[PDB]
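J.: This is the structure, below, for whatever I ask next.
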Number of protein chains: 2
Amino acid sequence: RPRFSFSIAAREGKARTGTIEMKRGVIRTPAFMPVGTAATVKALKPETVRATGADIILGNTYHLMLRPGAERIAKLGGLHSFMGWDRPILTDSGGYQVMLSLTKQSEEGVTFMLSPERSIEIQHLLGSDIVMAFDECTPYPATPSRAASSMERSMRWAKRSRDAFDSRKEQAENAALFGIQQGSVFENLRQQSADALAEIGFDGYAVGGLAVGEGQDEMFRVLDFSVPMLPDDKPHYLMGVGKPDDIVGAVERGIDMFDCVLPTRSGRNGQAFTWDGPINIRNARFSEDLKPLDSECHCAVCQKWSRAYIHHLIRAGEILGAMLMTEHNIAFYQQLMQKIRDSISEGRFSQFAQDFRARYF
Amino acid sequence: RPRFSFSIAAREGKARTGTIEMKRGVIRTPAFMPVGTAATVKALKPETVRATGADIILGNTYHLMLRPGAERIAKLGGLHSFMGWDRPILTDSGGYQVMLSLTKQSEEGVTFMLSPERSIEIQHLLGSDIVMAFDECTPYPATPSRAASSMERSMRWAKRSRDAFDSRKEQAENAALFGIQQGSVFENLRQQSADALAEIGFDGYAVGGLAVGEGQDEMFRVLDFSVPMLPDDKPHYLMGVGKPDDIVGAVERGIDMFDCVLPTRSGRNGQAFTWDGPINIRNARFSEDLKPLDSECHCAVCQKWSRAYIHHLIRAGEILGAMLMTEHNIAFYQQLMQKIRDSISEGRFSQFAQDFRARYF
Ligand SMILES: Nc1ccc2nc(N)nc(O)c2c1
Ligand SMILES: Nc1ccc2nc(N)nc(O)c2c1
Ligand SMILES: [Zn+2]
Ligand SMILES: [Zn+2]
């Protein structure tokens, strides 16, 4: 197995489908990564996450460096062994979630000391497969001046991240490193950022700084010009996106990888994704509904339990309600990704996207 | 399959091992029943409860009549279909948990109107396999006068329960009815109660009114004289017991069936049962312990995850921690029951009980 090989099997417009081969497994793209914040995808055993179709999960340099600790996890054999997930793990770099749960920022990093060097080292200690460069995210809205400052600092930090990763042989040989494009909503800054990142060279390229309050039309407008700026032959990762319709439109714009807490977090709060749009299972109208969460869904939850039962569990505060809702929503997201992949392979993704939107809305 | 057939395969002292055959499955005895209060064994899918070795689970006329409602569950197809457990379910009668979460008691029942007739009807609506007579539990300590009054009322209610069950053909043909001995800690009242219940006739006989604050020596003293009073050829159910050592000693005294919330409830609070006694996984000493919860346990949790990981999850408030702890503890209890059954079958239970106690303590 190679350290890293991204291959594109089929294309339609700007959409692509293919594979990322890594030492710990193959990632089918476009890919959705369930988020495992504190070394768990909330309310799911790893075998259940896998059974839903996930090829890779996300972790975070922030939560884990705080609890249980990066050195501790390394002593215990690494994150994979610790949590019982033996396939690829992408780790975020930790900037984003510092500025989460008395920040002091400087050119050296953030204290709260998380620098580019320490972030890459933590991700090493965790045994991450896909390491994210340490960046500064840029709040929305941002003035051009502030967006430029943040983007420029992130590009200096992208070079520091590259060099920290490459200087550590076991990491450089076994893991991959992704860079993160910044620039807010501004085309010229997005272009400077893409060019800086391509000059350094990375295994993949994330679009950072979106899904921070701008809303879908604007996100899509920025993706329209931003994704083409990135090297075509490397994966394109849209960080922190998103809703099902966000994912479809982002794939239409050349994104290959996604993560978001919506299916887990919103699942525990009672929101179930269906092909006919989201439902909130707490609604009284579900109290005697014997149908599954979604009429077509192949997941184990929909094979076995009714809306009425899940309604009762969520109303009652029961753990099994969180478990069932989360499994269904992660399974739904993976079925979406499978339908996206298949439709691109068959040259009918544009039609799939049309049909999906007509019915989901 | 018969409605009900209890067979004793092997005996040692007062201990017995055998089977209860019912329409929905066979129950191996001595049996431990996980408790499923609000139509769920907390933090476990039913398939997981089964995989641990459980043959039967417990539900409760109280919680379910309140939420989601007995008539509602019947409309939805019964408790088995609702929660996805297709094997036997024993339901408690609801008295106990009323006097749980402005009570008005009378000879007719309790208002808060739960009468013997309504309790048996609710258990019908739920589709219970083993229906408990509606009783009055008697607080501990109890004066002889108050214990006698409560016991006498419970025996009048036991006859009302019998007659309500028998007058409903589908229930009488497909379910079983257990009576509940009362009398507090008093031998003469226990004898009157046993005699009253045997005169009415039941499919099984519970020992009620224990594990309410008296402590193990006293419980065992009362079991010593109380269990022999019950018909030998019917199951003996000790309600709400107990800790592993409580179970062993109760089997030594002729009990065949058990339920308790300890493995579920205490599991979510961090207590793990092991052959070397309970541990509290929240203790800092487990933060880097790579051993499984218990060194011999065959459960899936112990095959896959470390104390260190479960420690982290419970400290972090994570749902997966509750899931793992609960699975392990229910699996532990079922392995205890299997070792009890096998040792009685092989004529070496007294030695097993010795050995168990030496090491657990
Ligand atoms: N919307 C997102 C989510 C995660 C991110 N993480 C990093 N490191 N940088 C960003 O821009 C992110 C944006
Ligand atoms: N310790 C227990 C637990 C459950 C009981 N339920 C009923 N109906 N009656 C009792 O005496 C109980 C005692
Ligand atoms: Zn589903
Ligand atoms: Zn175990």
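Numbering of chain B is taken from Swiss-Prot, so the residues present carry the numbers 11-109, 111-112, 114-124, 134-382, in order.
Method reported for this entry: X-ray crystallography, 1.2 Å.
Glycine too: its Cβ is placed from the backbone N, Cα and C atoms.
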J.: Taking Swiss-Prot at its word that B:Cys318, B:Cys320, B:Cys323 bind Zn(2+), choose the one of B:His145, B:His257, B:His349 listed for that site.
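T.: Among B:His145, B:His257, B:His349, only B:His349 appears alongside B:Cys318, B:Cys320, B:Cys323 as Zn(2+)-binding in Swiss-Prot.
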J.: The substrate site in Swiss-Prot lists B:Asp102, B:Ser103, B:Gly104, B:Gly105, B:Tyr106, B:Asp156, B:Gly230. Which one of B:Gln192, B:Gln203, B:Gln212, B:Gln213 belongs there according to the record?
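T.: Of the residues offered, the record points to B:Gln203.
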J.: Please identify the range among B:235-239, B:285-289 that Swiss-Prot labels region 'RNA binding'.
T.: B:285-289
J.: Other than its own, how many Cβ atoms are within 10 Å of the Cβ belonging to B:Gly104 (substrate binding site)?
T.: 27
J.: May I have the list of same-chain residues other than B:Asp102, B:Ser103, B:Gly104, B:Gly105, B:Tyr106, B:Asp156, B:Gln203, B:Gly230 whose Cβ is within 8 Å of the Cβ centroid of the recorded substrate site, in sequence order?
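T.: Those within range, site residues removed, are B:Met153, B:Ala154, B:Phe155, B:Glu157, B:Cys158, B:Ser175, B:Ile201, B:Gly229, B:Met260.
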J.: Other residues near the Zn(2+) site, CB within 8 A of the CB centroid of B:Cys318, B:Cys320, B:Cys323, B:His349?
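T.: Filtered neighbour residues, in order: B:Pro313, B:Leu314, B:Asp315, B:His319, B:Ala321, B:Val322, B:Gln324, B:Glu348, B:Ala352, B:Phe353.
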J.: With helix taken as DSSP H, G or I, strand as E or B and everything else coil, how many residues of the region 'RNA binding' (B:285-289) land in each class?
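T.: Across the region 'RNA binding' (B:285-289), DSSP assigns the residues as follows: 5 helix, 0 strand, 0 coil.
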J.: Give the distance between the Cα atoms of B:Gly104 (substrate binding site) and B:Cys323 (Zn(2+) binding site), rounded to the nearest whole Å.
T.: 36
J.: Can you list which of the recorded positions B:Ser103, B:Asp156, B:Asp280 have their Cβ under 6 Å from some atom of ligand 4?
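T.: Checked recorded positions vs ligand 4; nothing flagged, none.
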J.: Could you tell me which of these binding-site residues, B:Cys318, B:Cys320, B:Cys323, has the fewest other Cβ atoms within 10 Å of its Cβ?
T.: B:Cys318
J.: Between B:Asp156 (substrate binding site) and B:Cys320 (Zn(2+) binding site), what is the CA-CA distance rounded to a whole number of Å?
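T.: That comes out at 37 Å between the alpha carbons.
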J.: Which one of these recorded positions, B:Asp102, B:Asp156, B:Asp280, has the sparsest Cβ neighbourhood, judged by other Cβ atoms within 10 angstroms?
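T.: It is B:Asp280 that, of the recorded positions B:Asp102, B:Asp156, B:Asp280, has the fewest other Cβ atoms within 10 Å.
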